[PDB]
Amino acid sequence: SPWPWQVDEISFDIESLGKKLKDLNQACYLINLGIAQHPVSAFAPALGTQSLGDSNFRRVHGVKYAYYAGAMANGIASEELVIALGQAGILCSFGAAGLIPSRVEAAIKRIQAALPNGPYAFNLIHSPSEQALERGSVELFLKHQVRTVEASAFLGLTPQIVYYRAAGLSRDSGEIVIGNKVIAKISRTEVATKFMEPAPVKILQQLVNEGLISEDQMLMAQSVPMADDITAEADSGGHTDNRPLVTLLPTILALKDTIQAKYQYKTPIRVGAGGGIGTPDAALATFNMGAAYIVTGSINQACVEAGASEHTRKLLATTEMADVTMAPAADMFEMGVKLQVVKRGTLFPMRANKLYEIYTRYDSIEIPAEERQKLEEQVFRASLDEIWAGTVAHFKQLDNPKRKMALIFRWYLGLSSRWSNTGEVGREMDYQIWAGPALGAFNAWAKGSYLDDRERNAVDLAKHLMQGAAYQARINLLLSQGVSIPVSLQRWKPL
């Protein structure tokens, strides 16, 4: 046919054909039901996991895969998880969000002790109201030389994130060296533009004025982008817009090309993608869409290294595709913001949505007493007044009727995640567990495997998705050439 080869009698056994196919190190010569490593009808080259993604991403972050495990709040993306993945040459971002500085600093030491030469990243979340908490974290990272952050939840540039970026700039031949790297996670084009563009001169100038950065650093900062890597986050667990991966990522890739042509950075900007990736199929499709790297995910909270209770991790292994839903978010409850949570084996969603329903419909906690009793009785397990007293002790504390109601309600929204993380007994039906459909897709893919179990390791999962993607790229390639592959061999299974 199209091929310049011949072979002498190959292998004709399905379990010899299956084994040879899964070897991505050796090329495949297919003869019409025979595989070898007289004529040749189909051919598949030797393409491993390294043919997926942007090689520059791997080079720059010193990682073995174009893959990174996204941050998970309140230390769910824990030190154990980061160290486990870091030791395998896989990038993971530490879930610093919601943790106190002393806690985060502790993590920096452990992690840096375990991984002197990387790789790891730290999540730098945007605190729009508490601007100092953001400053403390940047200072903490600069002090301990944390040279990679995943910046997320940003709506615009802030002096702190610009400061972090600019401070890591230096010269070698006079070429610019980007010491501090930024992965900006976005779902909107407006925000992505600001991270693909050089830092604004106005903010730069201010930092030079305060002796935070040098003049040559201000000069350098105008010639390089704010972020090296841009993660388009599609529909996902926790906070999300629920945007489609297949529309979002292409929009951001186009945006990238536009800005790259304009500023013509020496090192190109890279766009990766996360959101809904729990199987090799999806992983491969995302790569072929143009993604430099792929991001997970809900599947990582289900692993043993994660900072989630045993009850929760066990529950996540049974969660299916339709077992997730949207529920009021604690921090942006009044504004109607929602996040994606598990709704199976937990009643938090129903109860949290009830609070929002009650909050929007009624003027004060002084609400029908038939309705009020149920809340105190089942949800809060205390008088609304008893709950209020404790909120005051925690804390914005009185003039407004609706604002008071919200603060009491937020007691449940806030705690509910803490219960799931720590494993608070007797509050299981109230666990707030963030997850997306990706987890259910993974559980479906993994059904009837060792992974049905305590047997779930983040490194193993990464390896499957990466190897699975590479294998299925080969299968697709062969199918495209009219070769008939046994249905049982077309997909990567965990076995």
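Note that residue numbering begins at 1 and tracks the sequence as displayed.
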### Message
Between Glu366 and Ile367, what class does the number of missing deposited residues fall in: none, 1 to 3, 4 to 9, or 10 or more?
### Response
1 to 3
## Note on the structure
What lies unmodelled of the deposited sequence between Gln37 and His38 amounts to 10 or more
### Query
Do the C-alpha atoms of 294-302 or of 325-333 have the higher average B factor in the entry?
325-333
### Task
Decide which of the stretches 349-357 and 179-187 has the higher mean C-alpha B-factor, going by the entry.
349-357
### Summary
One of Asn123, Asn74, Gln264, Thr279 has the largest Cα B-factor in the entry, namely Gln264
### Query
Reading the B-factor column of the entry, which of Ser173, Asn288, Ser78, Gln112 has the highest value at its C-alpha atom?
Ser173
### Query
Mind checking which third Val342 falls in for C-alpha B-factor across the chain?
lowest
### Query
According to the PDB entry, is the CA B factor of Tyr164 in the bottom, middle or top third of its chain, that is, lowest, middle or highest?
lowest
## Note on the structure
Assert third(CA B-factor, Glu150) within chain per record equals lowest
### Task
Name the third of the chain's ranked CA B-factors that contains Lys194, choosing lowest, middle or highest.
lowest
### Message
Going by the CA temperature factor in the PDB record, which third of the chain does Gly275 belong to: lowest, middle or highest?
### Response
lowest
